[PDB]
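# Architecture and fold: a report
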Amino acid sequence: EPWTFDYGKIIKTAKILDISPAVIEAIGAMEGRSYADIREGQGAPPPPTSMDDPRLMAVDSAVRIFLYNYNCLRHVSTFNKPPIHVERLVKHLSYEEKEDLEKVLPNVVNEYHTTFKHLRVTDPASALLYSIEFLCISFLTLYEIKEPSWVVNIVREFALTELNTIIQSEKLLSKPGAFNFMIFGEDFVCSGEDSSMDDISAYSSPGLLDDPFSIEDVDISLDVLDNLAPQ
Amino acid sequence: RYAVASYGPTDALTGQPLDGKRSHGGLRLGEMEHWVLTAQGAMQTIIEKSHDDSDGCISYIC
Amino acid sequence: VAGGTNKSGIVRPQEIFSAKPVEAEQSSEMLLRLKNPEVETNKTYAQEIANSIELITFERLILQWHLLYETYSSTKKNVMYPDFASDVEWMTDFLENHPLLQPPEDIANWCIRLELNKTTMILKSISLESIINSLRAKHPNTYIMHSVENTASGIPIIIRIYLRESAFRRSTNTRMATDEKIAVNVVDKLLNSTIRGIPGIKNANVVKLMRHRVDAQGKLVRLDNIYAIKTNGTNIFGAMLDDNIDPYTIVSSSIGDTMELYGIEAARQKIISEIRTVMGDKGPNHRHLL
Amino acid sequence: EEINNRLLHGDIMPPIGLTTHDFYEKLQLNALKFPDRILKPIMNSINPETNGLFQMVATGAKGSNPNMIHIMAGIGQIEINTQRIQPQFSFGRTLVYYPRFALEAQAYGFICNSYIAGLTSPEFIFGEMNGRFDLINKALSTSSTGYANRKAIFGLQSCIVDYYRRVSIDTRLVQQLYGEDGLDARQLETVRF
Amino acid sequence: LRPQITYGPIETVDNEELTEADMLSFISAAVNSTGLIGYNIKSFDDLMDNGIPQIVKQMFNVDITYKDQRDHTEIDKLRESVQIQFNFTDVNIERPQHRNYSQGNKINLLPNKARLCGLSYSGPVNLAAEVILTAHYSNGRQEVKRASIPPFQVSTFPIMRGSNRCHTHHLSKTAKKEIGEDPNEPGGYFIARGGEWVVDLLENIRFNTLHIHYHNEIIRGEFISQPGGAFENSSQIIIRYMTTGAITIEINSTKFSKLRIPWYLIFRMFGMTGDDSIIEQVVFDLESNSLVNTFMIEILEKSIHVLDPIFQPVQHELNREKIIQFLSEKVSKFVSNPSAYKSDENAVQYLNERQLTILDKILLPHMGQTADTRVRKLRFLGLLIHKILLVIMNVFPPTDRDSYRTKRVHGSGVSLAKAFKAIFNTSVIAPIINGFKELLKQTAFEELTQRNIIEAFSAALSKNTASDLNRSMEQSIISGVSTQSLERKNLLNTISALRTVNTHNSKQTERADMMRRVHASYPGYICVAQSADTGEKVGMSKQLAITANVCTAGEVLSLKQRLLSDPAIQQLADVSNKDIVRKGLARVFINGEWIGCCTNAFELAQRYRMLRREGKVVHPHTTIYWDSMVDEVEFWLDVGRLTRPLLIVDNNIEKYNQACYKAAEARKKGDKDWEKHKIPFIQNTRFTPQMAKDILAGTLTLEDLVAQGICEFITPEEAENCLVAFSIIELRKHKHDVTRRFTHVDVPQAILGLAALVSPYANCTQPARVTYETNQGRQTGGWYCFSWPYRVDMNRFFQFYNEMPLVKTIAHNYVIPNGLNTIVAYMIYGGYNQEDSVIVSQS
Amino acid sequence: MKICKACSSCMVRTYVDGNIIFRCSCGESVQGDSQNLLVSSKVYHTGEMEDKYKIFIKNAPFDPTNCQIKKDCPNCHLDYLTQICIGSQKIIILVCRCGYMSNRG
Ligand SMILES: [Mg+2]
Ligand SMILES: [Zn+2]
Ligand SMILES: [Zn+2]
């Protein structure tokens, strides 16, 4: 099967969330940038060329937390108690239909992991687009569902909440704006480029009951130690 | 070489001579030498050296 | 200085003066005298007895072991590990070779697969038949299958031990142990089982020692052709139970072990003996050891 | 060398309780000891009636037989902790001067030369390995002995002979009679029965 | 690149005429090129010219924020914090100066005046800087004030005598002689408070290497990572395997401390949160059927499901952002109340960016300090865990704590730089921060001008700080960075004190005895005889061999770029973990960082060792180690490697093998005289007797012996790929021995130190007695100093008459003999010489 | 171990009514068929197994620090071989650069 990148899925997905397409395309590349620049798409890094680019892991991590949280809702019955991000909206449900939602909700993890590991080794540039596109099509799959009637309102809310948290988690790694520095609870506030408050003992080489060679129970004057010479 | 005196500089706290030739004090009859003198039975020698010559005094107890 | 014979800079005097227990002794030894005076004359008789008393635990005969979640039924084809699916070929031979050792009806879902070290089986002179009897005499709550004793290199000898349901009925009221925990506890018991020896001793040598004996004419003569056993590691009670060793003349090098089994008076004589050994011959008078 | 040849053909079968490595090391240590014949060339080179070095050793004034052999015949096998020079130089080499898995006895501390003839660089290094132990153990012979000496005295010093020749701790018997004979160590005579 | 030079055939080299006394010229050349303490002067020189400027201009950038604790004002009430930001731009150190009379012009201070007056032989340090102050208002805007400060003197740094900054460096030997200095001494000591102090060489574990030790912890693995250079900050990671089955990674550095983290949390924080990929970085393949991977995965599988009390909330989470936030609020020391900042989304972004900036700069910095190499570090981190698990399985033994393959010898430049870092930020950086804190408290930020800011910077660094910086360095030099007072018993002791390697200062009975012995890695680098013969210091002090040296850091970038440009080496980004174990690739290291893989480890090291011989491409001081046990190639160019020259031995094994093939081919054809096609084996060195005569004439040095491919420098870890003949006779004895093919030939005297070479016929003496002579020869009366009348010394003896021994050694070519040729009778005379006494003629 | 299909996490193995059931933290539950019937295993004498020295034995003919022996190689008829002695039983292996290796391996 020949895979081809589809830009139409990102445009459709971005329109639903009322956000710029550049925000979706910049998953994992938001570090060290202003979100206003990310929103406008200015300063976007070039496509990856190395299989060890942390962007590939960053996008893949965002994909698997969508899948991890989706399956938690899918298997809500098996839990002793559901986690926070899925319990407040399924609370009004009954047990027999809470034991359901694993038959009426389709699986969306069909062939992601196998293909991503192949694309990462073969061509890293296509792997980044594949992981982003997979996140959008999975969101559209969970947003374009229509039957049965009792599940549409419980999954579309989930789809928007998950994709928003993924974007927000990526957003919280960008360049911060302006804020009160004293809300942390202390006077001083250092940065990652500061050396004033570094540990003094850390400048030395890091790292390190009876002494067998110490004359501690031998009462001999320190000025007459030549009596211990081997001779 | 060293040989000092019947008297000389004295430690303020213990009342014993100072340490070694450098301070013009006495020489040490350490832990192992009281073991030997006790083994030999030399008890009047211990009185002469550890009391008369080092810090011996009179304590009054009710 | 090697392990089990550490007589380097002060250790043995520290073991005596600090009254360290037998578990903390790095150079414990023991001298055993054969019960029959005729046997002690011959070296070969003393040589085979010395090799008889040498702790060969079942662990040291094993190259590798595998714990499998399997039950064995003769007719029903139960699931088996794919890497060990070839074991069924010699299982059929075992069933037709032992018409009395049929699999029980309470075999649990736990299998221990063993691959014996054939080199150790040759150097230590341990047969497959001896191992099977030792394990079946000590572990009645297991069912054991084995392959054929082969003399051709490249084909290993496989020991297969099946845990019965009674292995968990021993103590399962203490629910703080899942069935995986008991099975791991059982395999530790199986590996630490004693085969052909007494516990506590790792090496047993043969030495020549000299003794006096009053003749029929009242003459005291030195007998030089007397063989005994000097062991590495100490177990007075272990050699106590042996029928090839004179129990009355067991000489340990452990003060704590002599104290435990003989008393404080024999421990008093043991401290004197052990200090004298450390003191050498240019040592103090005897009254200083008392 | 012929023990090594047996190893190459796999003709060394260790007994029960010994590995092949431990049995091979035992054979090499036994095979690398000077015989009693070593003094035959030594005594033929000296005049016992005029040799100063020999008269110092023979009369017990100073020295011993291994001293003359080391000076004149050869040092022999350097043996630390009753074993040969273990390989600490990169997995099977004792020194940089010998190859990995060397079979010759020289690679494991066998000094073929005497002091009067001089040692080579590898022999001097092996000699320094054993010589350093003497310096280390001499230093320990003070501190380690002092640790044990002080603990022994503080436990034993309370024992004093009373008027019954008993040994007691202020009331409490340690011995019914000192030494079980009541005698002094300085007043003993060695007598045959 | 492939080697191109070719030398003459080894069969035409005439060395049958050589003698052992001719090989002493090789030691002479090695000592002349090396000097005796030249490494000390070089280390202090590149500390002055290169070390301190780099440390100040790179590793002391200050960025802090402080609360505005003023009263009420229009601007005041509306602003909350001020950001102090500054860095140093220009740094230099001058020669020592002294003020003659009062209010003079800082005349020069000669070392003898410093010794006599009890002064300090310290040179001024001048620094320049730019400072930025940013004040933050409540509404959201901020105000920035920037000021450039003219260069000024902060304090004085101690100056080694004889170095580039010493006054006894622009003077002739006669001038040195006549100003109260010793014209024959090389120097290498510091003058402080009228005393002479020697900064000893320090043993230290090799950086960028994994040291695996056993010990509750089952096993432990340490790894100190330095991003390249002797003066860069180092961060260590400790990977522990506990009895509970949990693998924890702990990073000790200037920003973290004693915080043990589950191993998979580190992988998650870098974007790789999938467990299958995380496990793959340790086992290199999930599809391998090898019995090693079964052991590996079983430990890894159990380690994931172990509950960590401190990292409980984020153990089961797969969102990397919250894990970074969880760790950031745990390691940041300015966070006192949780959830007070979580309401503000900008504070969350601040702590996330700060933690990522810290982690990229502190976790394995030798692999890179940017965010690009995050996954690259994870591959290397998984390799470290893989090596540790191989020791738990008992596949490989733990690291030998005594071998010099994993040890470094650090001189005065490295030791003083380490002490400089901890003192500079305390006596300079801290007072400036206090000075600016008080400036902003007493004056509004907007009221400040360019004049006020510069005044506060210099006034804070008053002479309290100037006293602090200089005297703390002197305390580090005096207290001991292990240093000792220079006692001048004689010239031999002065040289031997500067060639002494000290160890760090355990109580373990076995550990305290093993480290005092002579190790198999000592011969050629550490004297096997020189040690203390009495007391606790027996074997605790070590002496460099006569030809041993200490190398400086090389130009690593040249070799790194060439290795990456080598078509035989595949870059790390072009190879997968599965492509490594399935194709059997060989990992290639340079200075401890993993840069790529090669299909043939032996051929790469062989081809680069041959390139080193020319010296035009690979520097002669480059260590090339090939690990035949794990099939890896390592390049080392860091400072602190002991090296000695070894004469290269060449043979004709290539022609010998072809003769064997031709002889066999002739026999298979039925020919009878098949043996006639064989040729004898010949191994020989290219050192000719003419070269020895040229060394003595001064027309042949060690540098151009290396340039001709005759001798090369060998490092203790590189010495493990060498088979060395102990003398030119052993090489000649095995000249036609094909079963013993040496790679180098040694000069026998190269294994002893300078003090151990004084004893004549030391090989004929009991080896323990050679150790005594090293101690006794260093406390011998003699001409203890050539400038004794100019010195006021305590407890010094100047023996009037000295004699060269009738049986001299090579050690007397470099130090003055101390003693007399007394006529000695070996006799019994009256019993007054018994028990190690002597009878002395009164005349 | 068993890796979850959904989230690629390490699934927890438990035992129910004569079957091995893997359950994940995301609720996904699967049952192993044949390859997951391996609770635990251990290998003894790991310090002298043949898989330990495979790389070292392969590299031995090219390492110049290994001990040589005067014996003819039966493959290339080279008159010297490389002799190595590995293990606690002192197993002797003769290797050559052409690929020959005693013990037939
Ligand atoms: Mg003396
Ligand atoms: Zn899962
Ligand atoms: Zn061949």
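Check the entry above for the structure.
The structure contained in this document is the topic of the report that follows. Here every chain is numbered from 1 following its written sequence, which may not line up with the entry's numbers; residues without coordinates are dropped from view. Chain letters and ligand numbers both follow the written order, the letters beginning at A and the numbers at 1. Values throughout apply to the visible chains only, these chains being members of a larger assembly. Note: side-chain values were computed over all heavy atoms of the structure, leaving out hydrogens and water.

### Section: the overall build of chain A
Where helices and strands are cited, they refer to DSSP runs of H or I of at least four residues and of E of at least two residues respectively, numbered from the N terminus. A tally of regular secondary structure across chain A gives nine helices and one strand. Ordered by position in the sequence, the α and β elements of chain A form the string α-α-α-α-α-α-α-α-α-β. The C-alpha radius of gyration of chain A comes to 29 Å, more than 25% above the 17 Å expected for a compact globule of 231 residues. Each of the three principal axes of chain A carries a C-alpha extent, and together these read 100 × 50 × 45 Å. By the burial criterion, 49% of the 231 residues in chain A qualify as buried. For chain A, the exposed area adds up to about 11500 Å²; of that, 52% sits on carbon and sulfur atoms. Charge assignment: positive for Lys and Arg, negative for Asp and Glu; neither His nor the chain ends contribute. Where a charge lies is defined by one atom per residue type, namely NZ (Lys), CZ (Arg), CG (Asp) and CD (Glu). Separation between the mean location of the 19 positive side-chain charges and that of the 37 negative ones in chain A comes to 18 Å. Radius of gyration means the value over C-alpha atoms here, while the globule rule gives 2.2 Å times the residue count to the 0.38 power. Buried residues are those whose accessible area, probed at 1.4 Å on protein chains only, stays under 20% of the maximum for their type, while exposed residues exceed 50% and partly exposed ones sit between those limits. Note on areas: Shrake-Rupley, 1.4 Å probe, and residue coverage restricted to the protein chains presented here.

### Quick look at helix α10 (residues 264-279) of chain C
In an α-helix, one turn spans 3.6 residues; hence positions three or four apart end up facing the same way. Helix span, expected: 1.5 Å multiplied by one less than the number of residues in the helix. The end-to-end C-alpha separation of α10 of chain C is 22 Å, in line with the 22 Å expected for 16 residues at 1.5 Å each. One or two steps after α10 of chain C, the chain reaches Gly280 of chain C, where phi turns positive at roughly 75 degrees.

### Regarding the packing of helix α7 (residues 112-122) of chain A against helix α8 (residues 124-143) of chain A
Residues and elements named next belong to chain A. Here an axis means a line fitted to C-alpha atoms, over the contact stretch when the element is a helix, while the angle between two N-to-C directions is reported on a 0 to 180 degree scale. Two numbers describe how α7 lies on α8: the axes approach to 6 Å, and their chain directions differ by 155 degrees. Here α7 is positioned roughly antiparallel relative to α8, judged by the angle of their axes. Handedness of the α7/α8 crossing: left-handed. Seen from α7, the contacting residues are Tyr112, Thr115, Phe116, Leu119, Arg120 and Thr122; seen from α8, they are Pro124, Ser126, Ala127, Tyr130, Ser131 and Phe134. In this scheme, roughly parallel covers angles under 35 degrees and roughly antiparallel covers those over 145, while 65 to 115 is roughly perpendicular and the rest are oblique. Crossing handedness follows the turn of the near helix against the far one: under a right angle anticlockwise gives a left-handed crossing, and clockwise gives a right-handed one. The criterion used for residue contact is that any of the two residues' heavy atoms lie within 4.5 Å.

### Remarks on the sheet that holds strand β14 (residues 260-262) of chain E
All names here are of chain E. Here we have five strands laid out as an open sheet, ordered β10-β11-β12-β13-β14, and antiparallel in their pairing. The sheet is open, and its two edges are formed by β10 (210-214) and β14, each paired on a single side. Sheet twist, expressed as the average angle between the axes of neighbouring strands with direction ignored, equals 25 degrees. Of the pairings in the sheet, the one linking strand β12 (residues 235-242) to strand β13 (residues 247-252) comprises six bridges and is antiparallel in character. Looking at the pairing, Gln236 lines up with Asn252 of β13. For two strands to be treated as a pair, DSSP must find at least two bridges joining them.

### Describing the pairing of strand β9 (residues 220-232) of chain C
Residue and element names in this part refer to chain C. As judged from the five bridges shared by strand β1 (residues 29-33) and β9, these two strands associate in the antiparallel manner. Directly across from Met30, in β9, lies its bridge partner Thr231. Bridge analysis of strand β8 (residues 203-214) against β9 gives 11 bridges, and the strand direction is antiparallel. Of the residues in β9, the one forming a bridge with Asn205 is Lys230.

### Side note on the side chain of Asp100 of chain A
With respect to the helices and strands, the residue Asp100 of chain A is situated in the loop between α6 (95-98) and α7. Among the polar contacts made by the side chain of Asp100 of chain A, one reaches the side chain of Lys103 of chain A at a distance of 2.9 Å. N or O atoms closer than or at 3.5 Å make up a polar contact, with two conditions inside protein: a donor-capable atom paired with an acceptor-capable one, and, for residues adjacent in sequence, both atoms drawn from side chains.

### Some words on the pattern of salt bridges
Basic side-chain nitrogens of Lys or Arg form a salt bridge, by our definition, when they fall within 4 Å of a carboxyl oxygen of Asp or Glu. Inspection of every chain in the model, using the stated rule, returns 80 salt bridges over all chains. The partner of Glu70 of chain C in a salt bridge is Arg160 of chain C, with the nearest N and O atoms 3.4 Å apart. Of this pair, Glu70 of chain C sits in the loop between β3 (62-68) and α3 (88-97) while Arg160 of chain C is found in strand β6 (residues 158-164), placing the two residues 90 residues apart along the sequence. The residues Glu70 of chain C and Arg160 of chain C share a single accessibility class, namely buried. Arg582 of chain E is paired through a salt bridge with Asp285 of chain E; the nearest N and O atoms lie 3.4 Å apart.

### Some points on the nonpolar core
By nonpolar core we mean a set of buried residues, namely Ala, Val, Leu, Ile, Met, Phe, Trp, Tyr and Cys, connected to one another through side-chain atoms within 4.5 Å. With 180 residues, the main nonpolar core has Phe58 and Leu116 of chain C together with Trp263 of chain E as its most contacted residues. The contact partners of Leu116 of chain C, leaving out residues within four places of it in the chain, are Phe58, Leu61, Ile62, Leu63, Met121, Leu128, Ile131, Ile157 and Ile159 of chain C.

### What about the interface of chain D and chain E?
Every contact between the two is made by 31 residues of chain D and, on the other side, 42 residues of chain E. Here the buried area means the combined drop in accessible surface, using a 1.4 Å probe, for two parts upon being joined, counting both sides. Where chain D abuts chain E, roughly 3100 Å² becomes buried across the two surfaces, and 64% of that area is made up of carbon and sulfur atoms. The tally of links between chain D and chain E comes to one salt bridge. At the surface where chain D touches chain E, the tally comes to six residue pairs in polar contact. Classes in brief: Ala, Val, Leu, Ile, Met, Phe, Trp, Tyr, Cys and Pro nonpolar; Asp, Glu, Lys and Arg charged; the others, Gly included, polar. For the side of chain D that touches chain E, the residue count by class is 18 nonpolar, eight polar and five charged.

### Quick look at the arrangement of the chains
Where 11 pairs of chains are in contact, the pair with the most contacts is made of chains A and E. The least C-alpha distance between chain B and chain C, which are not in contact, is 13 Å. Between chain B and chain E there is no contact, and the shortest C-alpha to C-alpha separation is 13 Å.

### Side note on the coordination of the zinc ion (ligand 3)
Metal coordination angles in their ideal form are 109.5 degrees for the four-donor tetrahedron and 90 or 180 degrees for the six-donor octahedron. All names here are of chain F. Listed as protein donors to the zinc ion (ligand 3) are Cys73 (SG), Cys76 (SG), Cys96 (SG) and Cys98 (SG); their distances from the metal cover 2.3 Å. Only nitrogen, oxygen and sulfur atoms count as donors, using a 2.8 Å cut-off from the metal that widens to 3.2 Å for Na, K and Ca. Water is left out, so coordination shells may look unfilled. Irregular is the label for any site that misses the other tests, which are tetrahedral for four donors with all angles between 85 and 135 degrees, and square planar for four donors or octahedral for six when opposite donors exceed 155 degrees and the remaining angles lie between 65 and 115. The site at the zinc ion (ligand 3) holds four donor atoms, and with the angles between them running 107 to 111 degrees, its shape is tetrahedral. Counting residues between consecutive donors of the zinc ion (ligand 3) along the chain gives the motif C-x2-C-x19-C-x1-C. Separated by 22 residues along the polypeptide, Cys76 in the loop between β5 (68-69) and β6 (81-86) and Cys98 in the segment after β7 (91-95) bring together distant segments of the chain.

### Overview of a nonpolar patch on the surface
A contiguous nonpolar patch, built from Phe237, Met240, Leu241 and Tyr262 of chain C and spanning about 400 Å² of accessible area, is present on the exposed surface. With respect to the helices and strands, the residue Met240 of chain C is situated in helix α8 (residues 236-240). Nonpolar side chains (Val, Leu, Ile, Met, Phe, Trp, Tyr) are joined into patches within 5 Å and like charges within 9 Å, using only residues with over 30% relative accessible area and no salt bridge.

### Structural notes on the interface of chain A and chain E
Listed as interface residues are 67 residues of chain A and, on the opposing side, 84 residues of chain E. Three residues, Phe184, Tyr203 and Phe213 of chain A, lead the burial of chain A against chain E; their summed loss comes to 12% of the area buried on that side. Summed over the shared surface of chain A and chain E, the number is seven salt bridges. There are 21 residue pairs in polar contact connecting chain A and chain E.

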